[PDB]
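Scope of the values below: all heavy atoms of this structure, side chains included, with no hydrogens, waters or symmetry mates. Just so it is clear: chains get the letters A, B, ... in the order the sequence lines come, proteins before strands, and each one is counted from 1.
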Amino acid sequence: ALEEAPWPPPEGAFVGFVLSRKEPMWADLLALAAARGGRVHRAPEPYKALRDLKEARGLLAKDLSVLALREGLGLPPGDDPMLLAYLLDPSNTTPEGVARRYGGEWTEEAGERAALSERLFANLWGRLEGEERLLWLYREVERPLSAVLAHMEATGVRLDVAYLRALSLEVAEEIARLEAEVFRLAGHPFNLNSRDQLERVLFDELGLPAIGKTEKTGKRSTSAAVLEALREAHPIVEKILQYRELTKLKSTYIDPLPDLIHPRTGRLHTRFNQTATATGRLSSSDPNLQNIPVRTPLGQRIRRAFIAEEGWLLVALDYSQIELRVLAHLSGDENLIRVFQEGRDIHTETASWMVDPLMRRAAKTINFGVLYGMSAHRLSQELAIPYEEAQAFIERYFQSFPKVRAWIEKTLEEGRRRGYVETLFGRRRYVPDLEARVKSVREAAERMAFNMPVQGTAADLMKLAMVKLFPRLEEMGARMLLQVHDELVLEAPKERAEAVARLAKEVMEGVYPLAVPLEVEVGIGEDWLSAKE
DNA sequence: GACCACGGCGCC
DNA sequence: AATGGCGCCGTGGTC
Ligand SMILES: [Mg+2]
Ligand SMILES: [Mg+2]
Ligand SMILES: [Mg+2]
């Protein structure tokens, strides 16, 4: 429909582009086009044409920006219809879906993608007419965040490859020791990576008791939860659990990651997906750097591989109990607020009449369990305690936090009536199953509905913090590298590391004052692990 | 080679 | 913390 016109397009044009593969740091830019004023302009030479653009404006704008940055061009992402649609309804996660829903078709041609971006923007922008709070999120959070994310993705993080290569060889030997032992105990070799073959050995051959079933197909489960309950029923179980941890870590982190170092940067580059979750959280992929191990000994060895550039240091910042602090704000519960106001540690309170680092991490679990409606039975089982004691603290927990219960009840009722729930800033998630006539389904929905305002507000705060923090770091010559939901990892020159850490901490803590203070813990170090002071 | 569903599990 | 939110592994299957 659009009149074909020579490259370049006029300022403000919407861009379309085709990548050889989804990851922009690795993609070949196959085609580039732009649409505006009833015309479409197709670039004869996509790479060179990139220099003609003032900004990347259109579907998946950030992806193009990342590729431009990769090529040394400071091309910032602007409007992206995906972000508008994601704010309207976070189930809007793909261009295929968004195009279908809001006025077009996602094809494989740059020109059509440019045209599509233009008309989708017009339509979506119109749908936002009147949605003042979603507009504010778009302008103050999502749109500027996309530029920040573009820089993070293009910067990447340094990884000690030789170290991981050496580690792989060690872990391989330990795994061989484990599988050889398991096979002896089974009385025959099988594929130990097959949970189906494992199922038969444990429950049919060795005749161990099958405890639970798998969700979709009803097989006898061999999950860690089950194996843990059998650890003293046969010596093969512990060996299997150790085999699981080692192969999990080797196959997911140790072996793959070193092979993903980019030839130009010498660094590892993730993608931070901005329209991928139902709550407003970011996600990370290709590879996921938001689930790097940290809990077990080997897991910590893996995390140590993430290092600062020579002459620089990593600065790691974490919000402390951001979700509970958020819950205190949203519910307005006086006591829970008094808890954070008076700089006390809540999990401690409960831990005493329940200081050990285990008698606390057990008090945290319970606190969150009752929070999510865990009954006196369902919780007394999961945790080594009688049903009585379960129902016991359940009643008091809410006796002392009455407004938390009332907030949950109010949130669900409104969710049922409106069809959606919302964060502090008005980000929405639609949850229709709050009215289902099947209890298990309805109650699953209720746990999602109630979680979203809390997890989503925490996400809103972190995103806003990232938006505020980025320009300050640029001025100081520091970089933002990673976000892990309630954590940030920065890279700073050694001489400036301490100042950067102080500043970033203050920016994060004061991003948007609540009824309770936000607290941030900060560490500095040569690697991701050591940086967690 | 690709895709899928699944069970399973890494992080927040 | 993992109840909630994700992404990736190998297996088993298909195309
Ligand atoms: Mg933490
Ligand atoms: Mg799954
Ligand atoms: Mg296969």
Please check the phosphate of [N] (OP1 and OP2 only) for any side-chain N or O of [X] closer than 4.0 Å.
| X | N | value |
| --- | --- | --- |
| A:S221 | B:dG7 | no |
| A:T217 | B:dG7 | yes |
| A:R360 | C:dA1 | no |

Between [N] ([atom2]) and [X] ([atom1]): distance, integer Å:
| X | N | atom1 | atom2 | result |
| --- | --- | --- | --- | --- |
| A:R244 | B:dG7 | CZ | P | 13 Å |
| A:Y253 | B:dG8 | OH | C1' | 12 Å |
| A:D345 | C:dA1 | CG | P | 12 Å |
| A:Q274 | C:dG5 | CD | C1' | 17 Å |
| A:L298 | B:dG10 | CG | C1' | 12 Å |
| A:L257 | B:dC11 | CG | P | 14 Å |
| A:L379 | C:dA1 | CG | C1' | 11 Å |
| A:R220 | B:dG8 | CZ | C1' | 17 Å |

Test your reading of the model: is there a side-chain donor-acceptor pair from A:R303 to the backbone of A:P293, 3.5 Å cut-off? yes
Keeping the roles fixed (side chain from A:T457, backbone from A:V454), state whether a donor-acceptor pair exists under 3.5 Å. no
Pi-cation contact, A:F203 with A:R220 (under 6.0 Å, within 45°): no
Students should be able to answer this: classify the pucker of [N] from the sign of its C1'-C2'-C3'-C4' torsion, north or south.
| N | answer |
| --- | --- |
| B:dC9 | south |
| C:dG4 | north |
| C:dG10 | south |

When you check the side-chain N and O atoms of [X] and [Y], is any donor under 3.5 Å from an acceptor?
| X | Y | answer |
| --- | --- | --- |
| A:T277 | A:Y86 | yes |
| A:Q242 | A:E174 | no |
| A:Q274 | A:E142 | yes |
| A:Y512 | A:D460 | no |

Could you work out which one of C:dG5, B:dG8, C:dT3 sits closest to the side chain of A:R281? C:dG5
By nearest atom, which of the nucleotides B:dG8, B:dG7, B:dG10 is closest to the A:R295 side chain? B:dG10
What does [X] touch in the nucleic acid at a heavy-atom separation under 4.0 angstrom: a base, only the sugar-phosphate, or nothing?
| X | value |
| --- | --- |
| A:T247 | nothing |
| A:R271 | nothing |
| A:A459 | nothing |
| A:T365 | base |

What does the B/S/- profile of nucleotides 6-15 of chain C look like, 5' to 3', with a 4.0 Å heavy-atom cutoff to protein? SSSSSSS---
Go through A:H269 and A:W26 one step at a time and tell me if the ring-ring contact (aromatic ring centres under 6.0 Å, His included) criterion holds. CA-CA 9 Å; A:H269 301 258; A:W26 293 95; 7.9 Å; no
Assuming nearest nucleotide by heavy-atom distance, tell me which of A:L371 and A:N451 is located more 5' along DNA chain C. A:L371
Could you measure between the two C1' atoms, the one in C:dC6 and the one in C:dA1, and give it in whole Å? 16 Å
